[PDB]
Amino acid sequence: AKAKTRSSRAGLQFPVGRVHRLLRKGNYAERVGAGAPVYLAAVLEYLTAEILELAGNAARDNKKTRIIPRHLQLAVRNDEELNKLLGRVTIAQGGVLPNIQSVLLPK
Amino acid sequence: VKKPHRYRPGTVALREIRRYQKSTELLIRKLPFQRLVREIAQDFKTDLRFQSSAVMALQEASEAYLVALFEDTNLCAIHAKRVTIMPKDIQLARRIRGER
Amino acid sequence: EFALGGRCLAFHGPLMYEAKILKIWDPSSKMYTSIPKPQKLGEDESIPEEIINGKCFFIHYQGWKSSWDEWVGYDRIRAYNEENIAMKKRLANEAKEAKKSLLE
Amino acid sequence: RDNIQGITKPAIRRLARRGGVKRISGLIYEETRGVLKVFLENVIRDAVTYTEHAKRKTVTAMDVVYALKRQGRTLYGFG
Amino acid sequence: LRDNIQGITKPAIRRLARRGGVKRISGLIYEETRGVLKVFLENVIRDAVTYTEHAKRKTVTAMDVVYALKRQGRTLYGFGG
Amino acid sequence: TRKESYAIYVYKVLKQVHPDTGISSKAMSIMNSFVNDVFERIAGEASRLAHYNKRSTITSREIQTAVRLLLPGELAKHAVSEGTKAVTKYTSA
């Protein structure tokens, strides 16, 4: 029959076949379950969607059409769970959250 | 009676904190940083060549680390009921971070 | 004394300030000579009539922003010299004494 | 040779400003120079280690990324 | 099993601080320590239970605890390894 | 030669969530690096888990457990949901 992507069978956008190949070649285990790469691709696609949504929100707030690293940093740091996940992660040209301590404010 | 305008101390400081908490571009001059990196990269081996991107990544990581350390030092100095950072603050910060 | 770029002293009320000449005014030709040059009055350069007919000088005051450049005629600007600095000290001390009298 | 003096005080000032610092002692700059030097050797040592084990004479940014990763400071934007 | 966090008596907290080299102690500290310890315990126990269940077991083994601590970057020796 | 990435799939996901938003190349590189990072983290965790139980095969169950261990709270719950539904759909398909 005609070739049909396993991603389509799972209804995803992440290449499950590439995932399975990488899992096999990654020396993680001798045998790889059949339904494993599907699960992994689904999780990866979901996380990507989350970060992309937040970054697009930020870029719109800046009245810009293209997400830049600054938008990514702002989205990640502003989110609690995402920032916790990327606690030890550095993003190039990410800048920092604009934040000034209260006691330094004029009074 | 002619006096020259000048803001009070702490005004320009807050303005610059706002300015640099907004942009993301690098702050250190490129060539001095490159020269320093190459000089440091001599006690391990001689006549080492460099991809430019490697130097860029070094600059980025170093600047991010220094910014984080600066912020931690600022928190320490504030905890000492002060607004000026002094090296003991940095030392305490690094000590708590475990680097010391 | 009075030359393009040469140091010049300028009055301002009871005080005097050192300035640098940039444009020397020639009233007869309605032209000022400037250094980055016979050039007429510019689209924004303008000299008031009471000093446009005399030896006017467009100057910037040292130690002050370039926003405060002034077209001063020959009336206030003197030749830069030692006695000028001395009477500058005279007016500086006069201001000091006036302020101290205001306080004490 | 005093490239450690290539890090001018204005640069350190800007760096602290992005870090959100208002007032700075004069003794800070030398402390920063020292700490930065320590960090730089710590990374560059491992970077050169990787470059050597690869039998190469030029250090690649990928080597630097590996060095940062193994020091707990992950970096993105370079592969 | 309710209100056992108060089972962490104040003298125990003094002993902990003293072993930590602390000389003078505020009274508003002990509850703060209790909260921080509860957070820490929850963090470790969650992953320990995850390990226990993924093995489809009904009792938690120390070995699981070692794994959980290792995952949290706090390695402990001397408990099986 | 040719080097593979995740640019196309990420682009598709972006067009799904924000069908009008562009992206720079640098953001693309960052996204790819992040995806790879997550991949190795989760894969190493799954492999470690499998070796822990003395088993030869990494199933989707191992990925589920590893995701629970690596992700905080609501992210973990939602990702578990996505994995479960996608697996069920593919198996039914």
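Using Swiss-Prot numbers, chain E covers 23-103, in order.
Header entry for method reads electron microscopy, 4.0 Å.
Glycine too: its Cβ is placed from the backbone N, Cα and C atoms.
The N6-(2-hydroxyisobutyryl)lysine annotation in Swiss-Prot covers E:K32 (among others) and rests on similarity to another entry. What Swiss-Prot lists as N6-propionyllysine is E:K32, E:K78, E:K80 (among others). Residues annotated as UFM1 cross-link in Swiss-Prot: E:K32. If you look up Swiss-Prot, you'll see E:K60 (among others) marked as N6-acetyllysine. For E:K78, E:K80 (among others), the entry in Swiss-Prot reads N6-glutaryllysine. Positions annotated as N6-butyryllysine by Swiss-Prot: E:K78, E:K80, E:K92 (among others). Sequence annotations record features per position, and here Swiss-Prot assigns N6-succinyllysine to E:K92 (among others) based on similarity to another entry. The annotation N6-lactoyllysine is assigned in Swiss-Prot to E:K92 (among others). Under the heading ubiquitin cross-link, Swiss-Prot lists E:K92, citing similarity to another entry as support.
Ranked by Cβ neighbours within 10 A across all protein chains shown, the modified residues E:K60, E:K78 are led by E:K60. In terms of C-alpha distance, the listed modified residues E:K32, E:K78, E:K80, E:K92 place E:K32 closest to E:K60 (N6-acetyllysine). Comparing Cα positions, E:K32 (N6-(2-hydroxyisobutyryl)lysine) lies closest to E:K92 out of the modified residues E:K78, E:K80, E:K92. When secondary structure is read from DSSP and collapsed to three states, E:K60 (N6-acetyllysine) falls in the helix class.
Classification of E:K80 (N6-propionyllysine) by DSSP places it in coil, neither helical nor stranded. Around E:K32 (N6-(2-hydroxyisobutyryl)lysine), a 10 Å sphere centred on its CB holds 13 further CB atoms from the protein chains shown. The distance from the Cα of E:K92 (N6-butyryllysine) to the Cα of E:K78 (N6-glutaryllysine) comes to 21 Å. Listed modified residues: E:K80, E:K92; maximum Cβ neighbour count within 10 Å falls on E:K92.
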